[PDB]
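To start, the structure itself, in structure tokens.
Throughout, a chain's letter reflects where its sequence line sits, starting with A, and its residues are numbered from 1. Ligands are counted one by one from 1 in listed order, and the atoms in each one are counted from 1 as well. Below, each value reflects all heavy atoms present in this structure, side chains not excepted, and no hydrogens, waters or symmetry copies.
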Amino acid sequence: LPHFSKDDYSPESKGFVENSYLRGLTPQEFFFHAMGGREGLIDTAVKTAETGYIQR
Amino acid sequence: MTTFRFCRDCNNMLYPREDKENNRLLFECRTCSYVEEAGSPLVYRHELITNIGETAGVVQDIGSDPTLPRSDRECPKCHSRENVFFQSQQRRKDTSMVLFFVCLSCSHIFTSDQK
Amino acid sequence: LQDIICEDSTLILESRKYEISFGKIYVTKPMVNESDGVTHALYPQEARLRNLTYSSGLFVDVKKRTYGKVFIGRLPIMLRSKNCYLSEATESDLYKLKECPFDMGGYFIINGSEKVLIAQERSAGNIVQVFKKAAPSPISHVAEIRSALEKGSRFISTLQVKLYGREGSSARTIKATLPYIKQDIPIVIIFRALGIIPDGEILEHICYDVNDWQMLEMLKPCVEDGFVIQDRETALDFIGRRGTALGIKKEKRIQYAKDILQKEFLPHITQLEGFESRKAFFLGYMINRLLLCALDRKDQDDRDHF
Amino acid sequence: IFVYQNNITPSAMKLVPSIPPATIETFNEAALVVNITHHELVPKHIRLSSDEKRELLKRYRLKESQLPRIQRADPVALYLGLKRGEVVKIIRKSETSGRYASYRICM
DNA sequence: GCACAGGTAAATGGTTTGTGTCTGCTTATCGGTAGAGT
DNA sequence: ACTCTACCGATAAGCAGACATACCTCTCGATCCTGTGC
Ligand SMILES: [Zn+2]
Ligand SMILES: [Zn+2]
């Protein structure tokens with residue numbers, strides 16, 4: 001993200017959410033969680049069609 | 001070929017050849033002869049691994065980048081408590097995670113490979 | 001609108017010369033033509049209710065010469081635009097005109113239906129991008145630029161430079177892809193066709209550092225492949241012979257190659273004379289970027305970058 | 001049975017099927033270094049005689065084409081020297097029954 | 001007064017980001033022997 | 001003994017073909033004319 005420095009391998013910068021849902025999420029981990037959810041949704045969307053064709 | 005031999009006349013480069021009778025390798029151009037002794041044992045060098053201390057262009061404006069992280073590593077020569085560090089610029093997984101520190105006072109590049 | 005009107009406005013039909021020379025263009029307020037022929041201002045509410053089109057007529061100047069204002073069509077007007085009646089309307093005026101003050105506009109009213117143009121996402125032009133092809137394919141890296149003219153007509157000419165041969169294969173050569181030519185051409189031949197005859201100048205253009213021996217070693221097969229061509233004329237006629245299927249003699253092949261290089265070879269840098277140096281420098285920069293990608297000194301370009 | 005060392009020519013292969021009614025089999029030392037039938041995934045293969053094959057076909061009321069097929073170039077078929085039309089009995093262990101017998105016909 | 005019937009248009013040049021995974025056909029390329037001498 | 005060239009087999013490598021879960025709901029457009037006739 002533009003808010004981090006170059007060559008930063010710390011867990012916070014690489015997508016570790018040290019907070020909880022009750023506590024709340026910082027913008028960076030919020031963006032990371034959104035990316036993970038988008039990846040999951042895309043995975044299910046492809047998988048349902050693939051398994052349907054395989055079942056047929 | 002670590003270096004390329006260019007013909008003094010014209011601007012083409014020189015092919016490798018052997019004098020046979022003189023038993024001495026000579027470089028010759030094609031547009032013009034330009035025969036010389038060609039006193040260089042190097043005919044071809046092949047490289048298979050990344051060069052040690054590749055670093056980068058390290059321009060004098062390397063300290064003007066706001067995205068470069070800063071540390072407090074001691075400078076070996078000028079003994080400064082400020083520098084900027086970055087990893088190797090090789091674009092594969094074979095390179096290690098060593099850090100190259102560049103001092104903005106004396107422009108000296110020193111690594112953290114204590115080993 | 002004015003740029004398109006003035007782009008190609010003069011046409012000559014054949015001391016008998018006929019010219020059109022279209023003049024300035026302006027856009028009037030939205031009006032509607034009734035059955036009896038009368039005209040009146042067309043408001044968005046009336047257009048929506050009567051299933052009409054919220055379009056405004058536009059006129060151009062002819063200025064016919066052999067050696068006034070004329071109607072050209074109707075252009076739909078986006079709501080709440082500079083030509084819309086609601087741009088300067090206040091809250092009271094909007095209420096009087098039976099228009100919701102909370103409406104934001106930005107849509108076209110055609111045939112009484114509201115239409116919104118969805119933004120289309122496309123890759124940026126005039127950008128050099130390098131990607132690595134599949135392992136089974138004989139191509140290792142491709143460097144292509146989608147050159148196009150901004151103010152001029154849409155061209156979209158793609159010049160692709162590919163590195164033939166895999167890393168294991170010793171037949172490492174670079175061949176470009178000129179438009180309308182159905183066979184790849186060596187880079188050295190193209191460089192010679194631009195007037196840069198000596199090989200040292202070619203190497204100077206390709207690489208800006210004399211200590212990078214790996215790049216020179218990779219370029220050595222290319223300069224060896226460029227041995228056959230030695231002057232500009234032979235390169236030009238070789239390029240011409242690679243175009244048309246020998247329909248005409250080779251005398252016109254040189255002219256055809258020169259014209260294609262002056263027009264279609266990277267038609268974003270320039271199109272007039274004196275293009276040889278700039279185009280040669282751009283080609284050298286592209287080759288340098290491709291070799292840097294090959295030398296794993298840079299990462300493959302990401303197509304998802306915004 | 002002929003066991004060559006490294007390679008054999010196509011003309012040499014053509015020469016082999018020319019001796020009636022005898023049979024000539026060619027094998028490779030590399031393939032014969034390790035016994036295939038000793039593997040844990042290879043079940044027992046038993047060749048059936050003509051009378052046994054006829055009895056099986058009559059009892060199950062089946063045609064020759066209505067049986068599982070095994071290629072003549074199969075390593076087990078080459079090991080047993082199966083001819084065309086021969087039926088081999090296969091006994092394998094099962095996780096639902098203690099023993100299971102299956103039959104395949106060489107094609 | 002208005003209708004009536006053939007596909008006469010573009011020639012061109014030209015297009016598009018990032019679809020893989022087998023399938024079959026058609027070449028190009030690589031070894032290997034047979035018609036026999038001094 | 002292998003030269004002067006022929007069919008045998010065994011691959012590489014380019015050229016196209018087929019196709020992508022299932023169920024329903026709603027709205028919205030388009031289904032021809034210009035040169036030629038007396
Ligand atoms: Zn010279
Ligand atoms: Zn220092």
Those residues that, when tested against C/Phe282, pass ring pair (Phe, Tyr, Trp, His ring centres under 6.0 Å) (two or more places apart): C/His268
Donor on one side chain, acceptor on other, B/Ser105 and B/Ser80, under 3.5 Å: yes
N, O or S atoms of the protein lying under 2.8 Å from the Zn ion (ligand 2): B/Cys75 SG, B/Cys78 SG, B/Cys103 SG, B/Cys106 SG
Sequence-distant partners of C/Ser81, side-chain hydrogen bond (donor to acceptor under 3.5 Å, both in side chains), two or more places apart: none
Metal-centred angle, SG of B/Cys7 through the Zn ion (ligand 1) to SG of B/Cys10, rounded to 10 degrees: 110°
NZ or CZ of C/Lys17 within 45° of C/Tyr67 ring axis and under 6.0 Å: no
Test ring-ring contact (aromatic ring centres under 6.0 Å, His included) applied to C/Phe131 and C/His141, step by step: CA-CA 6 Å; C/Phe131 312 111; C/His141 301 271; over 10 Å; no
Where at least one partner belongs to residues 139-161 of chain C, residue pairs that pass salt bridge (charged side-chain N to carboxylate O under 4.0 Å, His left out), sequence neighbours excluded: C/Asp3-C/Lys151
